[PDB]
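K.L.:
One structure, pasted below without further comment.
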Amino acid sequence: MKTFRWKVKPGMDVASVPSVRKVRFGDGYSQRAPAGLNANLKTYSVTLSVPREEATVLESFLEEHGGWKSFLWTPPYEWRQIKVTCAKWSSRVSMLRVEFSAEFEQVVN
Amino acid sequence: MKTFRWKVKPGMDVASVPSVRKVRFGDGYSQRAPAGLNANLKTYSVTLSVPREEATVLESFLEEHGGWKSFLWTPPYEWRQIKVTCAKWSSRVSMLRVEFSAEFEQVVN
Amino acid sequence: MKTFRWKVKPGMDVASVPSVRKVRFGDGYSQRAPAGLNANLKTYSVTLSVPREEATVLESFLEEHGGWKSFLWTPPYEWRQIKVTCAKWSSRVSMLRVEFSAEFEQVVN
Amino acid sequence: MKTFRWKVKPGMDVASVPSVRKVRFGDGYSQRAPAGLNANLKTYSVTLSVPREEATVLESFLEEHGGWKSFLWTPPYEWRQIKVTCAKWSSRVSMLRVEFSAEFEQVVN
Amino acid sequence: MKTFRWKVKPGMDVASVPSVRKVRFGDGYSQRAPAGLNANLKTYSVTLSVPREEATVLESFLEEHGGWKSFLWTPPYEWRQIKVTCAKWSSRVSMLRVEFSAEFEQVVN
Amino acid sequence: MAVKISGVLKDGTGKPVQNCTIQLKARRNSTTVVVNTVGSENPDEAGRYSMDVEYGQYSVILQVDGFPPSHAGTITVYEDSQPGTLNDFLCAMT
Amino acid sequence: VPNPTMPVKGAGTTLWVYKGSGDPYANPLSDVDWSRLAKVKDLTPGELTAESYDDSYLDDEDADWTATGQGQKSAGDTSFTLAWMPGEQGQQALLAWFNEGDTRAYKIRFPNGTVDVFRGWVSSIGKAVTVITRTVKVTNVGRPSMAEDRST
Amino acid sequence: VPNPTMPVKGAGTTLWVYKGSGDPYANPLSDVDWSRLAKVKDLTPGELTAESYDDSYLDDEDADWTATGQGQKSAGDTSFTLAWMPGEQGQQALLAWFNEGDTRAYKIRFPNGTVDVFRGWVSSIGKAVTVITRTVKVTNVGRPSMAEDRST
Amino acid sequence: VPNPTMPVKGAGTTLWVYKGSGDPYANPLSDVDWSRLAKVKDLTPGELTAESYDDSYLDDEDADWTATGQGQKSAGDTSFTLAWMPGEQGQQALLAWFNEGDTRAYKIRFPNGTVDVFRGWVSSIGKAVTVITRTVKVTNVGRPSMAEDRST
Amino acid sequence: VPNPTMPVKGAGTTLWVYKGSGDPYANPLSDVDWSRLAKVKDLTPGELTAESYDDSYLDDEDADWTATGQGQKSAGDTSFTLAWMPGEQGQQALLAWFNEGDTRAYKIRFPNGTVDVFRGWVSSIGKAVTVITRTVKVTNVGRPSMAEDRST
Amino acid sequence: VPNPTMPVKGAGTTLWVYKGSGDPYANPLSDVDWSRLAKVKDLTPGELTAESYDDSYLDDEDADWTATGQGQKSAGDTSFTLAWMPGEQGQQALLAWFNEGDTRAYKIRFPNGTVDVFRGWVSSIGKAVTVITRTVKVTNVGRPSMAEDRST
């Protein structure tokens with residue numbers, strides 16, 4: 001299982017929607033349940049900007065795992081060493097630098 | 001089999017969505033498979049700009065291939081000699097030079 | 001058959017989507033066909049700007065054909081003498097000059 | 001039948017979509033018919049600005065007709081004395097003047 | 001039956017769509033009817049701005065009627081006093097002044 | 001009276017050019033020509049053209065269903081000229 | 001002698017404002033009705049500018065050279081500074097005109113002999129506290145009649 | 001002798017601020033209640049601007065000339081610099097007024113004899129450290145009564 | 001002796017406007033038909049600008065160096081101030097031309113001898129009231145013919 | 001004696017424009033083909049600027065301090081004012097170059113002994129009235145070869 | 001005698017640029033490795049700006065008073081003009097550094113005795129053609145070390 005040590009540009013976005021079991025009654029009394037045992041799984045929106053020379057290397061590494069294999073990655077400063085997978089990535093190639101804008105969806109083992 | 005040697009302006013966009021067989025559990029363990037052999041097929045958005053006198057030539061080329069015939073093309077600096085077909089292109093005839101915006105979809109033989 | 005000799009402003013649009021027969025197989029190898037023989041038919045977006053005095057004249061001519069008659073019109077610099085119909089003309093009368101923003105759809109004989 | 005002698009500010013918009021009987025085939029030969037006799041019916045978008053004193057008068061006049069009664073109106077400089085009905089109008093009361101934005105749909109007697 | 005006396009900021013909007021019975025015949029001859037007797041009922045969009053001290057007072061008054069009670073309100077400069085109900089309101093509390101946005105839907109007795 | 005302008009139109013490689021269209025755009029009102037008036041003439045497959053041109057000033061336009069109209073020149077017809085090819089007037093001293 | 005074809009220093013340059021009813025353009029040479037303003041410090045007249053509209057076309061036989069036409073010409077803004085004269089009726093009328101706010105016509109006369117007539121509404125009133133002067137600026141509306149239209 | 005119709009140099013030009021309760025416009029000529037500000041270095045009164053609203057129309061018979069009317073006139077901003085004085089009660093009241101921040105009325109008196117009353121709220125308090133001076137400016141609100149209304 | 005290859009001070013610098021019908025570029029050297037404008041105070045001719053279009057490409061060997069070309073060059077704006085002369089037919093025709101507003105051709109001549117011809121439309125007519133002068137500016141349209149083309 | 005290691009007042013500073021075909025960078029020290037321009041009033045050379053790109057990344061040790069790198073260095077715009085010389089061939093060629101509009105190479109020579117070569121296209125042409133001067137501005141394209149590159 | 005706690009005129013003010021490999025901050029007092037730039041005409045060092053982030057809160061006791069804190073401080077831009085002198089290796093290396101374009105460290109010394117060290121990349125190179133001089137400016141990146149940190 002590989003890792004991910006590439007630098008991340010500022011402005012990373014984080015999203016989290018816990019899955020809950022909502023049901024409402026006459027005057028409130030809404031029963032709520034946590035649904036799955038580990039419900040909420042954060043999804044990150046991460047952008048990078050690298051010169052063209054190793055754009056090929058980054059593309060090859062992202063190609064190796066495809067859209068099914070997972071890889072360990074440590075979010076910046078965050079207390080956890082999570083494992084993540086991605087299935088969408090795009091690049092704006094210029095004549096000096098290329099910027100990647102991908103999304104990283106956290107999955108458990 | 002013809003080729004494509006026209007130059008590509010900066011800002012050409014690259015997209016990639018590999019095909020996977022998502023199937024979900026209660027929580028986590030979501031099984032994944034690599035689907036077919038050639039999963040990901042990059043999609044290119046290419047912008048060009050040519051003086052008016054030249055434009056017709058390019059048009060005829062894109063007319064000759066239609067949207068059903070493949071032609072070799074080398075993405076800038078990229079290690080691959082991919083084969084690509086196009087089915088969407090537009091242009092802005094302003095006063096002197098016309099700029100084209102086209103989409104190029106990668107296809108196996 | 002009438003002819004269209006009105007002069008057109010910069011920023012005209014040309015769009016082209018060829019009609020192709022696409023079927024995708026197991027690992028690629030998509031069969032592609034040209035569909036109809038004259039698959040490609042351009043669509044132009046044409047804007048004029050004329051003073052109000054002759055504005056009525058345009059409407060009269062554009063009223064004569066309705067949306068069911070075709071008229072010959074040579075696009076600027078283009079090597080073709082094509083026949084084209086329009087059904088969605090609109091005008092912006094402001095003070096002295098009215099600008100017309102119509103779309104011209106190419107049609108076979 | 002009353003009339004409409006209020007003046008109209010610059011920026012009035014005119015739209016025209018004549019009715020035709022489209023039907024699509026393999027390679028064009030799209031047969032066309034003029035549909036009804038008076039197929040096209042211009043739709044006008046009219047903007048006015050009056051001081052608040054007579055805003056009530058204009059509103060009462062427009063309310064009297066409702067959205068079911070026709071009234072004569074002469075489009076600016078246009079060679080036709082058309083009959084038009086309106087069903088949408090709004091007014092932006094700010095401090096001193098109020099601007100009315102209304103739509104006027106042409107209709108035969 | 002309470003009343004309304006809070007003053008209104010410039011930019012207030014008013015819209016009116018009279019319900020009519022439109023039916024189009026072969027060539028025009030569009031039969032139109034006024035539908036209901038008092039079909040025309042205006043809808044206002046009203047914005048206020050008050051310091052935080054009376055924000056509670058305004059909120060309590062708006063809460064008392066809920067969305068099921070009507071209250072008399074005299075629109076600015078208009079002649080007939082009307083009775084109105086509202087069912088949506090929002091506010092922005094910045095530091096000192098809270099600004100209120102609401103819609104007032106005129107209703108019959 | 002109208003001078004007879006007749007000739008054969010060829011490209012730079014010594015072959016006839018087809019699908020042509022010669023227009024004469026009037027610039028000044030004459031005894032029998034109004035300003036802003038055009039007259040078309042489509043030649044044969046061999047490039048043969050023959051027109052009758054009234055005296056006055058015109059501007060030649062070569063629409064080859066292709067490149068925009070070309071200022072091949074302005075041509076003046078006084079009451080002394082003789083019938084000849086089109087290129088003579090364009091090459092003539094003005 | 002007041003007569004054109006020789007340039008004029010322009011020392012007098014009186015300023016008048018209409019007070020009556022009728023056509024100010026009918027005969028501005030008669031000062032029977034208009035009221036004069038006294039002790040104008042400095043004056044800047046209006047600027048008759050126009051607007052540019054696009055005229056370039058695709059099939060034009062001359063390219064790489066822009067072409068713009070002229071349309072919607074508008075008058076400028078006039079400004080003048082007077083000695084603060086609260087006692088005089090002229091300044092009282094001027095301030096009443098500002099307060100009530102209608103379009104009014106006025107003219108400026110030259111030692112050459114011809115006059116220039118504008119019409120518009122005032123928009124700014126200013127002041128100073130060292131040798132008090134009042135600065136007043138107006139904006140014109142509609143077409144004015146220049147001095148040339150009278151000389152023909 | 002203080003009287004209008006003649007120009008005035010403007011030596012005194014005192015500045016007063018209201019303290020009591022009542023109508024400032026009822027009789028500004030009496031200084032029984034207002035407090036004077038002492039040793040003002042310089043003053044610049046506000047200017048009464050306006051707003052221009054479009055008036056052109058499609059069927060208007062005269063084209064090629066813009067048409068604009070006047071509406072929503074507003075008062076200007078007053079400013080003055082004086083000698084910074086933490087002792088006098090006038091500046092104490094001025095700073096208390098700024099800190100509490102409510103609309104208040106004030107006036108300026110001229111050597112000619114007429115007085116001008118404004119009402120507004122203060123928005124700046126400056127300072128300098130070379131011959132200490134305090135600069136203060138206010139923005140007006142509502143209609144000010146010009147000096148040309150009392151003369152009538 | 002008026003001839004090029006030596007600098008000239010520019011004393012005469014006459015200005016003419018076309019009145020007849022024909023081709024202004026056919027022979028600008030003859031003043032048979034053009035009308036002179038008298039006693040110009042100063043003149044600033046227009047400048048022939050251009051506009052840059054991007055040319056940089058990906059696969060070009062030279063990176064980190066911007067590349068751009070020219071396209072759609074346009075003529076400038078001419079301005080000149082003369083003595084305000086409501087008597088002579090020159091500015092009468094100039095103001096009638098402005099009021100009616102069409103494109104017209106004009107020319108400037110040098111003590112040098114060489115002649116410049118422009119064509120355009122007028123967009124401003126100013127005035128001053130201290131030694132009365134009229135300032136007028138025009139914007140050019142289409143291709144102008146410089147003196148260098150004539151010199152060949 | 002022309003050589004570096006001592007400052008130069010910069011008196012001569014001739015200006016040349018390439019005319020022939022080949023590599024201008026091959027041997028700019030040879031003036032066999034280039035054409036000199038005569039009596040340049042004033043000159044301002046181009047400015048070799050660059051662009052800044054963001055290098056700071058979210059994961060870093062040194063925080064609260066910006067970090068930008070360099071990319072896309074670009075040449076500036078050259079300008080020179082010379083005496084209007086409608087007879088000399090050099091500026092006839094210059095105006096023909098502006099009219100037709102292709103990229104051309106030129107150079108400037110210093111009394112120090114070394115030369116500087118640029119390449120670009122002309123975008124502005126100006127003029128005057130008294131002691132007529134022509135002002136020409138050009139914009140460069142691609143990398144230039146400075147004097148230092150030849151000095152080694 | 002060079003020592004702090006009294007002002008210095010600033011006569012010498014030498015400028016050095018790093019050439020070797022190591023830590024510039026380790027000991028800037030030794031000039032054993034860096035090269036000096038010769039005959040700088042004038043110099044403007046960069047200024048250490050900051051950035052203000054909002055801190056105003058709802059429930060805070062204090063209202064009607066904005067609260068702003070500091071974050072993400074950045075270095076400025078340094079500029080200096082020398083006597084254009086391609087002979088010396090100093091500005092030769094400077095131009096090679098610009099062309100290759102990498103971040104480099106440099107220092108400014110003072111007659112006081114303390115040294116300031118910066119690191120950054122150059123962004124412009126200028127020139128003049130009257131007593132020829134070369135103007136060059138750089139932008140710093142990362143934290144610089146001020147002279148005060150060394151005095152402790």
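As shown in the structure tokens, the chain order sets the letters A, B, ...; within each chain, residues go from 1, and ligands are also counted from 1 in the order they appear.
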Can you tell me, as number ranges by chain, what residues are no more than 10 Å from residue 31 of chain E when counting only C-alpha atoms, ignoring any on the same chain fewer than 3 positions away?
P.N.:
D: 68; E: 21-25, 28
K.L.:
With a distance threshold of 6 Å and counting only C-alpha atoms, extract the residues of chain G near chain C and express them as a ChimeraX atom specification.
P.N.:
/G:57-59
K.L.:
If we count only C-alpha atoms and set the cut-off at 6 Å, which residues sit around segment 105-113 of chain G, ignoring sequence neighbours fewer than 5 positions away in its own chain? Please answer as JSON, numbers by chain.
P.N.:
{"G": [2, 3, 10, 12, 13, 14, 15, 16, 17, 18, 118, 119]}
K.L.:
Excluding segment 98-102 of chain A and its own-chain neighbours fewer than 3 positions away, which residues fall within 8 Å of it when counting only C-alpha atoms? Please give them as a PDB file with C-alpha atoms, in the first residue's frame.
P.N.:
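Result file is part.pdb:
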ATOM      1  CA  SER A  45     -10.948  18.846  -2.479  1.00  0.00           C
ATOM      2  CA  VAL A  46      -7.207  19.204  -3.052  1.00  0.00           C
ATOM      3  CA  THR A  47      -5.332  21.305  -5.611  1.00  0.00           C
ATOM      4  CA  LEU A  48      -1.638  21.034  -6.484  1.00  0.00           C
ATOM      5  CA  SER A  49       0.621  23.048  -8.777  1.00  0.00           C
ATOM      6  CA  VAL A  50       3.849  21.531 -10.108  1.00  0.00           C
ATOM      7  CA  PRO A  51       6.214  22.270 -13.013  1.00  0.00           C
ATOM      8  CA  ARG A  52       5.674  20.155 -16.098  1.00  0.00           C
ATOM      9  CA  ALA A  55       3.551  16.151 -14.067  1.00  0.00           C
ATOM     10  CA  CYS A  86      -9.895   9.153  -5.839  1.00  0.00           C
ATOM     11  CA  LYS A  88     -11.670  12.248 -10.727  1.00  0.00           C
ATOM     12  CA  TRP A  89      -8.724  14.483 -11.567  1.00  0.00           C
ATOM     13  CA  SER A  90      -8.091  17.268 -14.072  1.00  0.00           C
ATOM     14  CA  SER A  91      -5.174  19.467 -15.090  1.00  0.00           C
ATOM     15  CA  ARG A  92      -4.722  22.930 -16.617  1.00  0.00           C
ATOM     16  CA  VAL A  93      -1.521  22.537 -18.625  1.00  0.00           C
ATOM     17  CA  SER A  94       0.407  25.748 -19.233  1.00  0.00           C
TER      18      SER A  94
END
K.L.:
If we count only C-alpha atoms, which residues of chain B reach to within 7 Å of chain A? Please list them as a PyMOL selection string.
P.N.:
chain B and resi 10-18+20+26-29+32-34
K.L.:
With N, CA, C and O atoms retained, export the selected residues as a PDB file, in the first residue's frame.
P.N.:
ATOM      1  N   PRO B  10      -2.090  27.686 -24.980  1.00  0.00           N
ATOM      2  CA  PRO B  10      -2.096  27.381 -23.545  1.00  0.00           C
ATOM      3  C   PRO B  10      -3.500  27.392 -22.968  1.00  0.00           C
ATOM      4  O   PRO B  10      -4.390  28.118 -23.415  1.00  0.00           O
ATOM      5  N   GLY B  11      -3.683  26.564 -21.945  1.00  0.00           N
ATOM      6  CA  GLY B  11      -4.962  26.417 -21.292  1.00  0.00           C
ATOM      7  C   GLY B  11      -5.753  25.195 -21.694  1.00  0.00           C
ATOM      8  O   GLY B  11      -6.894  25.048 -21.244  1.00  0.00           O
ATOM      9  N   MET B  12      -5.196  24.324 -22.530  1.00  0.00           N
ATOM     10  CA  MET B  12      -5.914  23.120 -22.919  1.00  0.00           C
ATOM     11  C   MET B  12      -6.172  22.254 -21.693  1.00  0.00           C
ATOM     12  O   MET B  12      -5.281  22.032 -20.871  1.00  0.00           O
ATOM     13  N   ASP B  13      -7.399  21.763 -21.570  1.00  0.00           N
ATOM     14  CA  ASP B  13      -7.839  21.081 -20.363  1.00  0.00           C
ATOM     15  C   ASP B  13      -7.800  19.575 -20.573  1.00  0.00           C
ATOM     16  O   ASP B  13      -8.045  19.083 -21.673  1.00  0.00           O
ATOM     17  N   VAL B  14      -7.479  18.844 -19.510  1.00  0.00           N
ATOM     18  CA  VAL B  14      -7.410  17.389 -19.549  1.00  0.00           C
ATOM     19  C   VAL B  14      -8.305  16.838 -18.450  1.00  0.00           C
ATOM     20  O   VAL B  14      -8.205  17.263 -17.295  1.00  0.00           O
ATOM     21  N   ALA B  15      -9.172  15.893 -18.805  1.00  0.00           N
ATOM     22  CA  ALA B  15     -10.071  15.265 -17.851  1.00  0.00           C
ATOM     23  C   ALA B  15      -9.914  13.756 -17.932  1.00  0.00           C
ATOM     24  O   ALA B  15      -9.583  13.208 -18.986  1.00  0.00           O
ATOM     25  N   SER B  16     -10.159  13.087 -16.809  1.00  0.00           N
ATOM     26  CA  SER B  16      -9.971  11.641 -16.746  1.00  0.00           C
ATOM     27  C   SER B  16     -10.885  11.068 -15.679  1.00  0.00           C
ATOM     28  O   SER B  16     -10.769  11.432 -14.505  1.00  0.00           O
ATOM     29  N   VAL B  17     -11.785  10.178 -16.082  1.00  0.00           N
ATOM     30  CA  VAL B  17     -12.691   9.500 -15.160  1.00  0.00           C
ATOM     31  C   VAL B  17     -12.610   8.004 -15.437  1.00  0.00           C
ATOM     32  O   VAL B  17     -13.293   7.505 -16.343  1.00  0.00           O
ATOM     33  N   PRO B  18     -11.778   7.260 -14.715  1.00  0.00           N
ATOM     34  CA  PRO B  18     -11.710   5.813 -14.931  1.00  0.00           C
ATOM     35  C   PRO B  18     -13.004   5.134 -14.520  1.00  0.00           C
ATOM     36  O   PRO B  18     -13.727   5.602 -13.638  1.00  0.00           O
ATOM     37  N   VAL B  20     -15.075   2.243 -12.795  1.00  0.00           N
ATOM     38  CA  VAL B  20     -14.981   1.297 -11.695  1.00  0.00           C
ATOM     39  C   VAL B  20     -16.374   0.776 -11.380  1.00  0.00           C
ATOM     40  O   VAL B  20     -17.386   1.397 -11.708  1.00  0.00           O
ATOM     41  N   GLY B  26     -22.970  -1.593   4.221  1.00  0.00           N
ATOM     42  CA  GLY B  26     -23.547  -0.770   5.264  1.00  0.00           C
ATOM     43  C   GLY B  26     -22.655   0.420   5.553  1.00  0.00           C
ATOM     44  O   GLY B  26     -23.053   1.572   5.356  1.00  0.00           O
ATOM     45  N   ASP B  27     -21.438   0.149   6.020  1.00  0.00           N
ATOM     46  CA  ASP B  27     -20.417   1.175   6.184  1.00  0.00           C
ATOM     47  C   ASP B  27     -19.077   0.609   5.740  1.00  0.00           C
ATOM     48  O   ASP B  27     -18.643  -0.436   6.237  1.00  0.00           O
ATOM     49  N   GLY B  28     -18.438   1.284   4.790  1.00  0.00           N
ATOM     50  CA  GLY B  28     -17.098   0.915   4.384  1.00  0.00           C
ATOM     51  C   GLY B  28     -17.028  -0.420   3.658  1.00  0.00           C
ATOM     52  O   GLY B  28     -18.034  -1.006   3.256  1.00  0.00           O
ATOM     53  N   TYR B  29     -15.795  -0.893   3.487  1.00  0.00           N
ATOM     54  CA  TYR B  29     -15.470  -2.144   2.806  1.00  0.00           C
ATOM     55  C   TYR B  29     -15.982  -2.189   1.370  1.00  0.00           C
ATOM     56  O   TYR B  29     -15.934  -3.249   0.740  1.00  0.00           O
ATOM     57  N   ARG B  32     -14.483  -2.897  -4.951  1.00  0.00           N
ATOM     58  CA  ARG B  32     -14.184  -2.173  -6.175  1.00  0.00           C
ATOM     59  C   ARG B  32     -13.473  -3.102  -7.143  1.00  0.00           C
ATOM     60  O   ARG B  32     -12.695  -3.964  -6.726  1.00  0.00           O
ATOM     61  N   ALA B  33     -13.729  -2.912  -8.430  1.00  0.00           N
ATOM     62  CA  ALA B  33     -13.093  -3.696  -9.472  1.00  0.00           C
ATOM     63  C   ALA B  33     -12.609  -2.779 -10.583  1.00  0.00           C
ATOM     64  O   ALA B  33     -13.185  -1.711 -10.806  1.00  0.00           O
ATOM     65  N   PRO B  34     -11.551  -3.167 -11.297  1.00  0.00           N
ATOM     66  CA  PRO B  34     -10.997  -2.292 -12.335  1.00  0.00           C
ATOM     67  C   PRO B  34     -11.788  -2.268 -13.633  1.00  0.00           C
ATOM     68  O   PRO B  34     -11.343  -1.617 -14.584  1.00  0.00           O
TER      69      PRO B  34
END
K.L.:
Quick one: everything within 10 Å of residue 41 of chain I, counting only C-alpha atoms, minus sequence neighbours fewer than 2 positions away in the same chain. Send it as a PyMOL selection string.
P.N.:
chain I and resi 38-39+43+80-83+133-135
K.L.:
Between J:92, J:35, J:103, J:151, which residue has the minimum interatomic distance to chain K, considering only C-alpha atoms?
P.N.:
J:151
K.L.:
Report, in Å with one decimal, the straight-line distance from atom CA of residue 70 of chain E to atom CA of residue 82 of chain E.
P.N.:
9.9 Å
K.L.:
Enter the distance from atom CA of residue 73 of chain C to atom CA of residue 52 of chain F, in Å, rounded to one decimal.
P.N.:
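Computing the Euclidean distance for atom CA of residue 73 of chain C and atom CA of residue 52 of chain F yields 27.6 Å.
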K.L.:
When distances are computed from only C-alpha atoms, which of F:20, F:89, F:55, F:81 shows the smallest separation from chain C?
P.N.:
F:20
K.L.:
Show me which bits of chain G are within 6 Å of chain H, counting only C-alpha atoms, as a PyMOL selection string.
P.N.:
chain G and resi 72-74+85-88+92+123-126+130-131+141-143
K.L.:
How would the residues just chosen look if you wrote them out with N, CA, C and O atoms as a PDB file, in the first residue's frame?
P.N.:
ATOM      1  N   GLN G  72     -25.287  60.054 -30.922  1.00  0.00           N
ATOM      2  CA  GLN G  72     -25.750  60.451 -29.591  1.00  0.00           C
ATOM      3  C   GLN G  72     -24.845  61.520 -28.974  1.00  0.00           C
ATOM      4  O   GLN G  72     -24.213  61.318 -27.936  1.00  0.00           O
ATOM      5  N   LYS G  73     -24.792  62.671 -29.634  1.00  0.00           N
ATOM      6  CA  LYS G  73     -24.027  63.790 -29.109  1.00  0.00           C
ATOM      7  C   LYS G  73     -24.768  64.445 -27.950  1.00  0.00           C
ATOM      8  O   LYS G  73     -25.996  64.555 -27.951  1.00  0.00           O
ATOM      9  N   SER G  74     -24.003  64.876 -26.949  1.00  0.00           N
ATOM     10  CA  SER G  74     -24.570  65.423 -25.727  1.00  0.00           C
ATOM     11  C   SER G  74     -23.842  66.702 -25.346  1.00  0.00           C
ATOM     12  O   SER G  74     -22.650  66.867 -25.612  1.00  0.00           O
ATOM     13  N   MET G  85     -23.732  87.033  -3.114  1.00  0.00           N
ATOM     14  CA  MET G  85     -24.595  88.211  -3.178  1.00  0.00           C
ATOM     15  C   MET G  85     -25.973  87.843  -2.644  1.00  0.00           C
ATOM     16  O   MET G  85     -26.943  87.761  -3.410  1.00  0.00           O
ATOM     17  N   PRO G  86     -26.099  87.604  -1.337  1.00  0.00           N
ATOM     18  CA  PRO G  86     -27.412  87.222  -0.792  1.00  0.00           C
ATOM     19  C   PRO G  86     -28.475  88.294  -0.950  1.00  0.00           C
ATOM     20  O   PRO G  86     -29.658  87.956  -1.080  1.00  0.00           O
ATOM     21  N   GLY G  87     -28.096  89.573  -0.938  1.00  0.00           N
ATOM     22  CA  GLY G  87     -29.084  90.628  -1.089  1.00  0.00           C
ATOM     23  C   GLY G  87     -29.706  90.666  -2.472  1.00  0.00           C
ATOM     24  O   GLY G  87     -30.911  90.884  -2.612  1.00  0.00           O
ATOM     25  N   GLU G  88     -28.898  90.455  -3.509  1.00  0.00           N
ATOM     26  CA  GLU G  88     -29.390  90.528  -4.876  1.00  0.00           C
ATOM     27  C   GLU G  88     -30.447  89.460  -5.135  1.00  0.00           C
ATOM     28  O   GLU G  88     -30.365  88.335  -4.637  1.00  0.00           O
ATOM     29  N   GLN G  92     -31.039  84.778  -5.168  1.00  0.00           N
ATOM     30  CA  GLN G  92     -32.227  84.200  -4.550  1.00  0.00           C
ATOM     31  C   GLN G  92     -33.007  83.367  -5.558  1.00  0.00           C
ATOM     32  O   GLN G  92     -33.444  82.249  -5.258  1.00  0.00           O
ATOM     33  N   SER G 123     -26.825  71.570 -10.571  1.00  0.00           N
ATOM     34  CA  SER G 123     -26.513  70.336  -9.868  1.00  0.00           C
ATOM     35  C   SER G 123     -25.584  70.501  -8.675  1.00  0.00           C
ATOM     36  O   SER G 123     -25.557  69.610  -7.821  1.00  0.00           O
ATOM     37  N   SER G 124     -24.820  71.589  -8.589  1.00  0.00           N
ATOM     38  CA  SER G 124     -23.874  71.763  -7.497  1.00  0.00           C
ATOM     39  C   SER G 124     -23.826  73.220  -7.063  1.00  0.00           C
ATOM     40  O   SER G 124     -23.839  74.126  -7.899  1.00  0.00           O
ATOM     41  N   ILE G 125     -23.766  73.434  -5.750  1.00  0.00           N
ATOM     42  CA  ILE G 125     -23.631  74.761  -5.159  1.00  0.00           C
ATOM     43  C   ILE G 125     -22.530  74.696  -4.110  1.00  0.00           C
ATOM     44  O   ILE G 125     -22.655  73.962  -3.123  1.00  0.00           O
ATOM     45  N   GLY G 126     -21.463  75.472  -4.309  1.00  0.00           N
ATOM     46  CA  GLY G 126     -20.331  75.481  -3.412  1.00  0.00           C
ATOM     47  C   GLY G 126     -20.007  76.880  -2.913  1.00  0.00           C
ATOM     48  O   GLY G 126     -20.563  77.878  -3.376  1.00  0.00           O
ATOM     49  N   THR G 130     -12.760  82.495   2.374  1.00  0.00           N
ATOM     50  CA  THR G 130     -11.782  83.576   2.290  1.00  0.00           C
ATOM     51  C   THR G 130     -12.099  84.379   1.037  1.00  0.00           C
ATOM     52  O   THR G 130     -11.875  83.899  -0.079  1.00  0.00           O
ATOM     53  N   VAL G 131     -12.604  85.601   1.227  1.00  0.00           N
ATOM     54  CA  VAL G 131     -13.238  86.371   0.160  1.00  0.00           C
ATOM     55  C   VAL G 131     -14.331  85.497  -0.433  1.00  0.00           C
ATOM     56  O   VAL G 131     -14.136  84.867  -1.478  1.00  0.00           O
ATOM     57  N   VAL G 141     -29.511  70.095 -21.010  1.00  0.00           N
ATOM     58  CA  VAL G 141     -30.372  69.038 -21.524  1.00  0.00           C
ATOM     59  C   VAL G 141     -30.894  69.470 -22.886  1.00  0.00           C
ATOM     60  O   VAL G 141     -31.275  70.629 -23.077  1.00  0.00           O
ATOM     61  N   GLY G 142     -30.898  68.544 -23.838  1.00  0.00           N
ATOM     62  CA  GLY G 142     -31.406  68.837 -25.161  1.00  0.00           C
ATOM     63  C   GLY G 142     -30.403  69.599 -26.000  1.00  0.00           C
ATOM     64  O   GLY G 142     -29.326  69.990 -25.552  1.00  0.00           O
ATOM     65  N   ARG G 143     -30.777  69.819 -27.250  1.00  0.00           N
ATOM     66  CA  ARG G 143     -29.870  70.474 -28.183  1.00  0.00           C
ATOM     67  C   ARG G 143     -29.811  71.971 -27.895  1.00  0.00           C
ATOM     68  O   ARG G 143     -30.854  72.602 -27.696  1.00  0.00           O
TER      69      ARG G 143
END
